[PDB]
>>> print(open('model36.txt').read())   # compact mmCIF, C-alpha atoms and all ligand atoms
# COMPACT_ATOMS: atom_id res chain seq x y z
CA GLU A 1 16.03 20.46 2.73
CA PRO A 2 19.83 20.55 3.07
CA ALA A 3 22.17 22.97 1.32
CA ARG A 4 23.60 20.06 -0.67
CA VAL A 5 22.76 16.45 -1.43
CA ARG A 6 24.96 13.61 -2.64
CA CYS A 7 23.63 11.35 -5.37
CA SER A 8 24.74 8.55 -7.59
CA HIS A 9 23.17 8.22 -11.02
CA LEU A 10 23.04 6.05 -14.11
CA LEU A 11 22.59 7.87 -17.43
CA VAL A 12 21.38 6.27 -20.67
CA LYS A 13 22.04 8.59 -23.61
CA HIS A 14 20.22 8.50 -26.95
CA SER A 15 20.89 9.82 -30.46
CA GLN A 16 19.19 13.15 -29.64
CA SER A 17 21.08 13.80 -26.40
CA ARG A 18 23.11 16.97 -25.93
CA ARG A 19 26.32 15.02 -26.66
CA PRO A 20 25.49 11.71 -28.40
CA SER A 21 28.74 9.98 -27.40
CA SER A 22 30.13 8.49 -24.18
CA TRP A 23 33.18 6.76 -22.71
CA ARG A 24 31.71 3.35 -23.54
CA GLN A 25 30.33 4.08 -27.02
CA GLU A 26 31.77 6.47 -29.59
CA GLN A 27 28.43 7.18 -31.32
CA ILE A 28 25.13 6.79 -29.45
CA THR A 29 22.83 5.18 -32.02
CA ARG A 30 19.85 4.18 -29.84
CA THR A 31 16.51 5.99 -29.94
CA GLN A 32 15.10 7.79 -26.91
CA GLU A 33 12.41 5.14 -26.92
CA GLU A 34 15.10 2.49 -26.55
CA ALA A 35 16.91 4.58 -23.90
CA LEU A 36 13.76 4.60 -21.72
CA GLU A 37 13.15 0.85 -22.19
CA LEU A 38 16.66 0.32 -20.81
CA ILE A 39 16.02 2.76 -17.94
CA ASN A 40 12.73 1.06 -17.09
CA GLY A 41 14.36 -2.38 -17.32
CA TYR A 42 17.21 -1.29 -15.07
CA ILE A 43 14.65 -0.03 -12.55
CA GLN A 44 12.83 -3.38 -12.47
CA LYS A 45 16.00 -5.40 -12.03
CA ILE A 46 17.09 -3.06 -9.21
CA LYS A 47 13.68 -3.45 -7.58
CA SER A 48 13.69 -7.26 -7.93
CA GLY A 49 17.20 -7.45 -6.50
CA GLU A 50 18.52 -9.04 -9.70
CA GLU A 51 20.86 -6.12 -10.28
CA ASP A 52 22.84 -3.74 -8.10
CA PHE A 53 22.45 -0.04 -8.94
CA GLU A 54 26.13 0.85 -8.71
CA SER A 55 27.30 -2.25 -10.59
CA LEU A 56 24.93 -1.19 -13.41
CA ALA A 57 26.07 2.43 -13.33
CA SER A 58 29.71 1.31 -13.49
CA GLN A 59 29.02 -0.84 -16.59
CA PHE A 60 26.37 1.00 -18.64
CA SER A 61 26.05 4.66 -17.55
CA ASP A 62 26.91 6.92 -20.51
CA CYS A 63 28.26 9.45 -18.05
CA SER A 64 31.90 9.66 -16.93
CA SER A 65 30.59 9.30 -13.37
CA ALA A 66 30.47 5.56 -14.12
CA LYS A 67 34.13 5.16 -13.16
CA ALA A 68 33.04 6.16 -9.63
CA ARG A 69 30.17 3.63 -9.67
CA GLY A 70 27.69 6.39 -10.50
CA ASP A 71 28.58 8.73 -7.64
CA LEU A 72 28.67 12.47 -8.37
CA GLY A 73 29.52 13.70 -4.90
CA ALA A 74 27.71 16.50 -3.10
CA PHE A 75 26.18 19.43 -4.92
CA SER A 76 24.00 22.41 -4.02
CA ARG A 77 21.26 23.91 -6.18
CA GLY A 78 22.13 26.16 -9.12
CA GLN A 79 24.78 23.75 -10.48
CA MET A 80 23.17 20.89 -12.45
CA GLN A 81 20.37 20.83 -15.01
CA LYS A 82 17.14 21.77 -13.24
CA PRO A 83 15.31 18.44 -13.84
CA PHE A 84 18.20 16.50 -12.32
CA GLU A 85 18.53 19.03 -9.50
CA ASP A 86 14.82 19.02 -8.63
CA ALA A 87 14.58 15.24 -8.75
CA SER A 88 17.68 14.77 -6.60
CA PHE A 89 16.42 17.13 -3.89
CA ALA A 90 12.97 15.50 -3.81
CA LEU A 91 14.55 12.16 -2.77
CA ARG A 92 15.01 10.80 0.73
CA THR A 93 18.50 9.46 1.33
CA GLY A 94 18.53 5.90 0.04
CA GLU A 95 15.62 6.56 -2.34
CA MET A 96 15.80 5.85 -6.07
CA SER A 97 14.04 8.09 -8.58
CA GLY A 98 12.08 6.89 -11.56
CA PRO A 99 13.10 8.17 -15.01
CA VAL A 100 14.52 11.70 -15.15
CA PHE A 101 14.87 13.53 -18.45
CA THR A 102 17.55 16.15 -19.06
CA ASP A 103 19.32 17.38 -22.19
CA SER A 104 22.06 14.83 -21.41
CA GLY A 105 19.58 11.93 -21.63
CA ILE A 106 17.59 9.71 -19.24
CA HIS A 107 18.66 9.27 -15.63
CA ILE A 108 18.05 7.00 -12.68
CA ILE A 109 19.11 8.79 -9.49
CA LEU A 110 19.87 7.44 -6.02
CA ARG A 111 20.31 9.91 -3.18
CA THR A 112 22.98 8.73 -0.72
CA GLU A 113 23.64 11.81 1.50
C1 LIG B 201 28.34 12.45 -15.83
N1 LIG B 201 29.41 12.04 -15.18
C2 LIG B 201 29.95 12.98 -14.39
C3 LIG B 201 29.43 14.24 -14.26
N2 LIG B 201 30.09 15.18 -13.36
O1 LIG B 201 31.29 15.35 -13.50
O2 LIG B 201 29.43 15.69 -12.47
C4 LIG B 201 28.26 14.56 -15.04
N3 LIG B 201 27.59 15.77 -15.05
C5 LIG B 201 28.08 17.11 -14.68
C6 LIG B 201 28.92 17.91 -15.71
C7 LIG B 201 28.18 19.17 -16.16
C8 LIG B 201 29.28 17.07 -16.94
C9 LIG B 201 30.20 18.32 -14.99
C10 LIG B 201 26.18 15.72 -15.49
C11 LIG B 201 25.79 16.70 -16.60
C12 LIG B 201 24.35 16.29 -16.87
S1 LIG B 201 23.64 16.16 -15.25
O3 LIG B 201 22.94 17.37 -14.90
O4 LIG B 201 22.92 14.92 -15.13
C13 LIG B 201 25.19 16.05 -14.37
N4 LIG B 201 27.73 13.61 -15.82
>>> encode(input="model36.txt", output="structure tokens")
Amino acid sequence: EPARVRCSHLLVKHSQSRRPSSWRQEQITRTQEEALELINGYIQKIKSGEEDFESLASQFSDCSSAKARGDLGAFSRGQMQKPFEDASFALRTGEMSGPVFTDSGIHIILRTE
């Protein structure tokens, strides 16, 4: 394990997220059940090749990271929410997580460095 990893991510918020608003939608109205459907449907399109992960993150991620195509940069442990941190460090570079639940919402993660 390295001291830091670099990941991109796509976040789908829901109405019970920590902050139920984003850059692309002033009030998040969708249920967590609908947030996961989207996450799972993004995963299948990324696996089929129909969709590109960073194109999707730049259009639909409810996180400000979307303006950088999903990239967060490099981070060590002790910084992000534990579920995101653990999931990110359990990835090989170039590997894409399944769903990841944090207080912010539901995440797909892709380790790059
Ligand atoms: C979304 N876009 C950017 C970004 N960031 O600036 O790193 C985050 N972010 C970190 C902050 C705490 C907002 C600085 C996420 C918070 C939830 S997370 O653990 O998935 C990382 N989010």
>>> closest_residue(input="model36.txt", among="A:62, A:52, A:85, A:113", to="residue A:5", atoms="only C-alpha atoms")
A:113
>>> residues_near_ligand(input="model36.txt", ligand="ligand LIG 201 (chain B)", cutoff="6 Å", atoms="all atoms listed in the file", output="ChimeraX atom specification")
/A:63-65,72,80-81,84,104
>>> closest_residue(input="model36.txt", among="A:33, A:54, A:103, A:86", to="residue A:71", atoms="all atoms listed in the file")
A:54
>>> closest_residue(input="model36.txt", among="A:105, A:42, A:56, A:111", to="residue A:92", atoms="only C-alpha atoms")
A:111
>>> residues_around(input="model36.txt", residues="residue A:106", least_positions_apart="4", cutoff="12 Å", atoms="all atoms listed in the file", output="ChimeraX atom specification")
/A:9-18,31-40,42,61-63,83-84,97-102
>>> closest_residue(input="model36.txt", among="A:8, A:53, A:66, A:46", to="residue A:22", atoms="all atoms listed in the file")
A:66
>>> atom_distance(input="model36.txt", atom1="atom CA of residue A:23", atom2="atom CA of residue A:87")
24.8 Å
>>> closest_residue(input="model36.txt", among="A:69, A:76, A:108, A:2", to="residue A:41", atoms="all atoms listed in the file")
A:108
>>> decode(input="model36.txt", residues="stretch 14-41 of chain A", atoms="C-alpha atoms", output="PDB file, in the first residue's frame")
ATOM      1  CA  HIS A  14     -30.063  11.373  -2.836  1.00  0.00           C
ATOM      2  CA  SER A  15     -32.591  13.248  -0.685  1.00  0.00           C
ATOM      3  CA  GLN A  16     -31.053  11.844   2.529  1.00  0.00           C
ATOM      4  CA  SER A  17     -27.443  12.727   1.690  1.00  0.00           C
ATOM      5  CA  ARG A  18     -25.396  14.922   4.009  1.00  0.00           C
ATOM      6  CA  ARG A  19     -25.987  17.910   1.692  1.00  0.00           C
ATOM      7  CA  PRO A  20     -28.945  17.211  -0.628  1.00  0.00           C
ATOM      8  CA  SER A  21     -27.896  19.745  -3.281  1.00  0.00           C
ATOM      9  CA  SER A  22     -25.195  19.880  -5.968  1.00  0.00           C
ATOM     10  CA  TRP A  23     -23.765  22.079  -8.725  1.00  0.00           C
ATOM     11  CA  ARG A  24     -26.098  20.501 -11.272  1.00  0.00           C
ATOM     12  CA  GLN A  25     -29.300  20.347  -9.211  1.00  0.00           C
ATOM     13  CA  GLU A  26     -30.413  22.807  -6.542  1.00  0.00           C
ATOM     14  CA  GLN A  27     -32.507  20.272  -4.584  1.00  0.00           C
ATOM     15  CA  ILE A  28     -31.759  16.539  -4.771  1.00  0.00           C
ATOM     16  CA  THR A  29     -35.203  14.934  -4.933  1.00  0.00           C
ATOM     17  CA  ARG A  30     -34.312  11.330  -5.842  1.00  0.00           C
ATOM     18  CA  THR A  31     -34.549   8.445  -3.374  1.00  0.00           C
ATOM     19  CA  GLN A  32     -31.512   6.441  -2.326  1.00  0.00           C
ATOM     20  CA  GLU A  33     -33.121   3.549  -4.147  1.00  0.00           C
ATOM     21  CA  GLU A  34     -33.093   5.628  -7.331  1.00  0.00           C
ATOM     22  CA  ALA A  35     -29.522   6.800  -6.635  1.00  0.00           C
ATOM     23  CA  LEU A  36     -28.303   3.171  -6.568  1.00  0.00           C
ATOM     24  CA  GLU A  37     -30.221   2.246  -9.745  1.00  0.00           C
ATOM     25  CA  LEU A  38     -28.327   5.067 -11.465  1.00  0.00           C
ATOM     26  CA  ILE A  39     -25.022   3.914  -9.950  1.00  0.00           C
ATOM     27  CA  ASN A  40     -25.652   0.329 -11.032  1.00  0.00           C
ATOM     28  CA  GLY A  41     -26.714   1.472 -14.501  1.00  0.00           C
TER      29      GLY A  41
END
